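The next block holds one structure in the form of structure tokens; read it before the comments.
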Amino acid sequence: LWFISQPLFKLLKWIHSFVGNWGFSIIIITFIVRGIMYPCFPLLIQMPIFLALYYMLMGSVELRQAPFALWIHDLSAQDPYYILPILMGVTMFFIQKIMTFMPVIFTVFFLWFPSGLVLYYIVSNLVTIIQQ
């Protein structure tokens, strides 16, 4: 949560006056967070992502126990059924040696993080889906 995090969380703030469904703050912070970003070296640049995405989930002050459609009632903290990471194996696992595993390895890595974060992951992977 270091130098790329809080200000792009303020990009999240400038977005939303009323978005009041708070998973859709995570989906809008998708479109726009990949918006201005558009201009072992996958990971060390993930600080913007997991972190400004962490202030993504955490913001702002309402996002524990907040509405999302269908099942998940807790976006702030980890998915109480872990379901979206099963979506994350479904969607992340099919893209077309150790990377024929990872979407499940990432999945059980995500199970140590909240779900909506994996949701921004899903929507990026779904840019890779709907490109074609």
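How things are named: the first chain in the structure tokens is A, the next is B, and so on; residues count from 1 in each chain; ligands count from 1 in the order shown.
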### Message
Residues near residue A:59, anyone? I mean within 9 Å using only C-alpha atoms, not counting same-chain ones fewer than 6 positions away, as a list in words.
### Response
residues 9, 12, 13 and 76 of chain A
Can you pull out every residue within 12 Å of residue A:48, counting only C-alpha atoms, but drop anything in the same chain fewer than 2 positions away, and send it as a PyMOL selection string?
-> chain A and resi 1-9+33-34+37+43-46+50-56
Could I get the residues of stretch 35-73 of chain A with an atom no further than 12 Å from an atom of stretch 82-102 of chain A, each paired with its nearest atom pair and that distance in Å to one decimal, using only C-alpha atoms, sorted by chain and residue number, as a Markdown table?
| residue | atom | partner | partner_atom | distance |
| --- | --- | --- | --- | --- |
| A:70 | CA | A:83 | CA | 11.3 |
| A:71 | CA | A:83 | CA | 9.0 |
| A:72 | CA | A:83 | CA | 8.5 |
| A:73 | CA | A:82 | CA | 11.9 |
Any chance you can output those residues with N, CA, C and O atoms as a PDB file, in the first residue's frame?
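Done, and the output landed in result.pdb:
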ATOM      1  N   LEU A  70     -26.359 -11.224  -5.967  1.00  0.00           N
ATOM      2  CA  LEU A  70     -26.233 -12.671  -5.822  1.00  0.00           C
ATOM      3  C   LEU A  70     -25.743 -12.950  -4.399  1.00  0.00           C
ATOM      4  O   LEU A  70     -26.386 -12.500  -3.437  1.00  0.00           O
ATOM      5  N   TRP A  71     -24.631 -13.662  -4.207  1.00  0.00           N
ATOM      6  CA  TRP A  71     -24.324 -14.227  -2.901  1.00  0.00           C
ATOM      7  C   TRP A  71     -23.483 -13.303  -2.014  1.00  0.00           C
ATOM      8  O   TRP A  71     -23.969 -12.890  -0.952  1.00  0.00           O
ATOM      9  N   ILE A  72     -22.268 -12.949  -2.430  1.00  0.00           N
ATOM     10  CA  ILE A  72     -21.252 -12.366  -1.555  1.00  0.00           C
ATOM     11  C   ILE A  72     -21.881 -11.191  -0.832  1.00  0.00           C
ATOM     12  O   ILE A  72     -22.357 -10.246  -1.469  1.00  0.00           O
ATOM     13  N   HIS A  73     -21.904 -11.240   0.498  1.00  0.00           N
ATOM     14  CA  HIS A  73     -22.198 -10.043   1.267  1.00  0.00           C
ATOM     15  C   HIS A  73     -20.973  -9.344   1.836  1.00  0.00           C
ATOM     16  O   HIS A  73     -21.089  -8.180   2.233  1.00  0.00           O
TER      17      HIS A  73
END
So that I can see what lies close to residue A:65, please list as JSON, numbers by chain the residues with an atom at most 12 Å from it, counting only C-alpha atoms and leaving out residues fewer than 5 positions away in the same chain. {"A": [21, 22, 23, 57, 58, 71, 72, 73, 74, 75, 76, 77, 78, 79, 80]}
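Using only C-alpha atoms, the shortest contact distance between residue A:66 and any of A:121, A:81, A:112, A:24 is found at A:24.
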Atom CA of residue A:116 to atom CA of residue A:131 measures 22.3 Å
**Q.** Backbone-only DSSP, helix (DSSP H, G or I) members of chain A, as a VMD selection string
**A.** chain A and resid 6 to 15 24 to 36 43 to 45 47 to 58 83 to 92 98 to 100 102 to 110 115 to 130
Write out the residues from the selection above, keeping C-alpha atoms, as an mmCIF file, in the first residue's frame.
data_model
loop_
_atom_site.group_PDB
_atom_site.id
_atom_site.type_symbol
_atom_site.label_atom_id
_atom_site.label_comp_id
_atom_site.auth_asym_id
_atom_site.auth_seq_id
_atom_site.Cartn_x
_atom_site.Cartn_y
_atom_site.Cartn_z
ATOM 1 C CA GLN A 6 -3.678 5.854 -2.177
ATOM 2 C CA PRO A 7 -3.762 8.357 -5.110
ATOM 3 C CA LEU A 8 -5.296 5.889 -7.573
ATOM 4 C CA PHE A 9 -7.690 5.189 -4.739
ATOM 5 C CA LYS A 10 -8.408 8.897 -5.185
ATOM 6 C CA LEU A 11 -9.085 8.116 -8.832
ATOM 7 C CA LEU A 12 -11.594 5.700 -7.349
ATOM 8 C CA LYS A 13 -12.995 8.599 -5.296
ATOM 9 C CA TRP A 14 -13.289 11.039 -8.210
ATOM 10 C CA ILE A 15 -15.188 8.320 -10.053
ATOM 11 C CA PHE A 24 -19.606 -1.790 -9.293
ATOM 12 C CA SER A 25 -17.123 0.595 -7.744
ATOM 13 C CA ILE A 26 -14.739 -2.335 -8.225
ATOM 14 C CA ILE A 27 -15.835 -2.766 -11.858
ATOM 15 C CA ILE A 28 -15.699 0.953 -12.631
ATOM 16 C CA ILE A 29 -12.324 1.166 -10.921
ATOM 17 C CA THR A 30 -11.583 -1.610 -13.373
ATOM 18 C CA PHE A 31 -12.436 0.333 -16.541
ATOM 19 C CA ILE A 32 -10.749 3.521 -15.339
ATOM 20 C CA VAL A 33 -7.829 2.035 -13.376
ATOM 21 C CA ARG A 34 -6.831 0.287 -16.573
ATOM 22 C CA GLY A 35 -7.857 3.618 -18.081
ATOM 23 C CA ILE A 36 -4.983 5.816 -16.951
ATOM 24 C CA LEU A 43 5.312 -9.185 -10.051
ATOM 25 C CA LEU A 44 7.412 -6.370 -8.621
ATOM 26 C CA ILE A 45 5.176 -3.946 -10.568
ATOM 27 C CA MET A 47 2.190 -3.034 -6.070
ATOM 28 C CA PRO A 48 -0.134 -0.640 -7.987
ATOM 29 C CA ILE A 49 -2.407 -3.582 -8.607
ATOM 30 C CA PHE A 50 -2.833 -5.593 -5.396
ATOM 31 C CA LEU A 51 -2.352 -2.453 -3.329
ATOM 32 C CA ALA A 52 -4.292 0.361 -5.026
ATOM 33 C CA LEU A 53 -6.724 -2.513 -5.586
ATOM 34 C CA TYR A 54 -6.632 -3.156 -1.855
ATOM 35 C CA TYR A 55 -7.679 0.455 -1.225
ATOM 36 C CA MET A 56 -10.083 -0.325 -4.060
ATOM 37 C CA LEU A 57 -11.872 -2.911 -1.943
ATOM 38 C CA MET A 58 -11.454 -1.041 1.343
ATOM 39 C CA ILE A 83 -16.810 -18.893 -4.795
ATOM 40 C CA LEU A 84 -15.393 -16.237 -7.133
ATOM 41 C CA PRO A 85 -12.018 -18.059 -6.993
ATOM 42 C CA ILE A 86 -13.921 -21.066 -8.394
ATOM 43 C CA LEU A 87 -14.991 -18.654 -11.122
ATOM 44 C CA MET A 88 -11.308 -17.735 -11.203
ATOM 45 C CA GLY A 89 -10.332 -21.285 -12.015
ATOM 46 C CA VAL A 90 -13.145 -21.517 -14.549
ATOM 47 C CA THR A 91 -12.187 -18.294 -16.342
ATOM 48 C CA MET A 92 -8.461 -17.947 -15.521
ATOM 49 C CA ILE A 98 3.670 -24.609 -14.139
ATOM 50 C CA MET A 99 1.256 -22.095 -15.745
ATOM 51 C CA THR A 100 -1.133 -24.931 -16.600
ATOM 52 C CA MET A 102 -1.354 -21.368 -11.598
ATOM 53 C CA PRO A 103 -4.966 -20.079 -12.054
ATOM 54 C CA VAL A 104 -5.744 -22.639 -9.319
ATOM 55 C CA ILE A 105 -2.457 -21.770 -7.550
ATOM 56 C CA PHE A 106 -3.282 -18.079 -7.745
ATOM 57 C CA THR A 107 -6.795 -19.176 -6.692
ATOM 58 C CA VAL A 108 -5.647 -20.694 -3.398
ATOM 59 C CA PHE A 109 -3.351 -17.681 -3.160
ATOM 60 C CA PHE A 110 -6.392 -15.360 -3.440
ATOM 61 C CA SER A 115 -12.926 -11.723 -3.260
ATOM 62 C CA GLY A 116 -13.677 -8.442 -5.047
ATOM 63 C CA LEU A 117 -9.951 -8.165 -5.624
ATOM 64 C CA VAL A 118 -10.171 -11.427 -7.536
ATOM 65 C CA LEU A 119 -13.121 -9.789 -9.295
ATOM 66 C CA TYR A 120 -10.936 -7.030 -10.768
ATOM 67 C CA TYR A 121 -8.694 -9.926 -11.740
ATOM 68 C CA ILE A 122 -11.650 -11.568 -13.480
ATOM 69 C CA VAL A 123 -12.574 -8.422 -15.385
ATOM 70 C CA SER A 124 -8.996 -7.986 -16.616
ATOM 71 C CA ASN A 125 -8.862 -11.620 -17.681
ATOM 72 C CA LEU A 126 -12.201 -10.845 -19.374
ATOM 73 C CA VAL A 127 -10.634 -8.023 -21.319
ATOM 74 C CA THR A 128 -8.366 -10.823 -22.509
ATOM 75 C CA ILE A 129 -11.585 -12.784 -23.069
ATOM 76 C CA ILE A 130 -13.566 -10.242 -25.084
#
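Between atom CA of residue A:68 and atom CA of residue A:17 lies a distance of 17.6 Å.
If you look at atom CA of residue A:60 and atom CA of residue A:114, they are 15.4 Å away from each other.
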